[PDB]
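There is one chain below, alone, in structure tokens, taken in the form solved without the partner chain.
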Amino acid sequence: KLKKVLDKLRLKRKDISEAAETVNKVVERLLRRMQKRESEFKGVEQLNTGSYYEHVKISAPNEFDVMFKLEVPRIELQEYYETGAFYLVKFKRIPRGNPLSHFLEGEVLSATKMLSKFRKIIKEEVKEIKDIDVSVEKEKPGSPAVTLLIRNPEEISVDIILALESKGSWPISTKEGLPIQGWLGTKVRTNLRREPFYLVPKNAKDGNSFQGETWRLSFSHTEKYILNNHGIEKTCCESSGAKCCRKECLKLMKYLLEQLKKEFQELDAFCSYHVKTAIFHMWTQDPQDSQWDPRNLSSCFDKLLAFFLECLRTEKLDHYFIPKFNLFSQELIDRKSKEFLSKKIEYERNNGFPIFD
């Protein structure tokens, strides 16, 4: 039953090929545009992130995330209040002549300025694209992404995400995050935390407005590693190892949410990342590959449903990397919203998930 739904969600190779060919042409052209002289973003490098590059994208290959990461040396971070995720950015000594001089605000590096110039450079390059149907989606507050809309003639979106790369140690609000010691282990955890961290220009929402200079922590690179290296046994899902159903559970939960979101706008505040975060905790909670045997698919899905409902009910979903940050706090999602999503989930759970059709 759940296998038959997975078959439907599975992407088709001809679709992948058609989408990939077009997406790669467009992105590689922006990247090189960004590589150009006079640009502030001259040293940006590409990093592919998100559902598609983690092999957890469902239904159609119609959404692509790409991080244009910029190695910015020597930055001091100041925690924006006690959020743990959001930050103001200063430089240690002024870099003499600085490519990012123009994005400054006294001593603070404005995310809004830097994104706006990034967006402007992308918009100008996209207008020059003639062989392909592409446009830049209207800017949306609360988004670090400059979003492309491609008609291939299939509708494809590409989120291009400016990121600052910092090679220093991770900010202390992450110090008790990534609790993978009993699962992927301490060598993996330590090694992952020796990798750079990223800031993306998603602004903290003060109240009714955004704080235009703030940045947000991104662990999209770390998450991608984990999705590809997700078992306690090194050979999980390898050619001389056992297949598990961890990713299949993520896809089923992703689908259940996306179906509910399509017809209920009371659910607009929720999104895939809530689901991904929840399954990260599941994987931590049940680290043994044996617990995610494909034959146990139904009960792993139901256990994930159960955990998620409990997160809704208690209004608490800890960010996996930043445990202070509650993705289900009253302040980000109203109680009523969470209670709405609960009853719909419970209903689909006690009725054999009719919405899967």
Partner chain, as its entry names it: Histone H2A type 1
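Numbering follows the first chain given and starts at 1.
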Comparing 292-300 with 31-39, which stretch shows the greater average C-alpha B-factor in the deposited entry?
31-39
Higher-B stretch (mean Cα B-factor, as the entry records it), 235-243 or 107-115:
107-115
When the entry's CA B-factors for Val56, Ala60, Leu332, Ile322 are compared, the highest one belongs to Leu332
Hey, out of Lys205, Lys254, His221, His281, whose CA B-factor is highest in the deposited coordinates?
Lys205
What third of the chain, by the recorded C-alpha B-factor, contains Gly212?
highest
For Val136, the third of its chain by CA B-factor is the middle
Among all modelled residues of this chain, ranked by Cα B factor, put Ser157 in the bottom, middle or top third, i.e. lowest, middle or highest.
middle
CA B-factor ranking of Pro95, expressed as a third of its chain:
highest
How does the C-alpha B factor of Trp183 compare with the rest of the chain: lowest, middle or highest third?
lowest
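As for the form solved in complex with the partner chain, it is not shown, yet the points below apply to it.
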Residues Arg93, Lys167 and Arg193 all lining the partner chain in the bound PDB entry, heavy atom within 4.5 Å
yes
Can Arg119 be called a contact residue for the partner chain in the bound PDB entry at 4.5 Å between heavy atoms?
no
The partner chain contact in the bound PDB entry: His281, any heavy atom under 4.5 Å:
no
Is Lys113 one of the residues lying within 4.5 Å of the partner chain in the bound PDB entry, judged by heavy atom distances?
no
With heavy atoms only and a cut-off of 4.5 Å, decide whether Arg74 touches the partner chain in the bound PDB entry.
yes
Partner absent here, but in the bound PDB entry, which of 140-148, 95-103, 238-246, 252-260 has residues with a heavy atom within 4.5 Å of the partner chain?
95-103
